[PDB]
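**Student:** As you go down the protein sequences, you meet chains B and A in turn. Everything in the first sequence is counted per the entry's author numbering, starting at 1 for the first residue and increasing by one. Everything in the second sequence is counted per the entry's author numbering, starting at 1 for the first residue and increasing by one. Just so it is clear, CB atoms sit at the ideal spot from N, CA and C, and this is done for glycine as well. Can you keep this structure in mind? I'll have questions shortly.
Protein chains: 2
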Amino acid sequence: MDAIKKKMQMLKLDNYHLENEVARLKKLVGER
Amino acid sequence: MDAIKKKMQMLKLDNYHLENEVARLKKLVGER
């Protein structure tokens with residue numbers, strides 16, 4: 001559990017990074 | 001914790017969905 005409390009924080013952090021990275025990739029590819 | 005075990009399951013599922021989307025975008029931007 002000690003690693004679980006942080007586990008969700010690890011996937012939650014990567015998510016924000018993936019989103020910010022996706023918002024930058026979508027603006028380069030998904031670009032209008 | 002009951003919601004934690006799933007929390008990581010939701011962040012882990014979104015990660016593969018995000019990486020699966022970034023893996024395609026990266027192949028266009030992060031192109032080696």
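Taking the alpha-carbon positions, what's the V29(A) to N15(B) distance?
**Tutor:** Going by the C-alpha atoms only, they are around 19 Å apart.
**Student:** With 16 other CB atoms within 10 Å as the buried threshold, where does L18(B) fall?
**Tutor:** buried
**Student:** Along the alpha helix (DSSP H) that carries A3(B), what are the first and last residues, could you check?
**Tutor:** Where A3(B) is concerned, there is no enclosing alpha helix (DSSP H), given that its DSSP letter is neither H nor E.
**Student:** Which class does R24(B) belong to by DSSP, given the choice of helix, strand or coil?
**Tutor:** Residue state for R24(B) is assigned as helix, using DSSP reduced to three classes.
**Student:** To the nearest angstrom, how far is the alpha carbon of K27(A) from that of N20(B)?
**Tutor:** 17 Å
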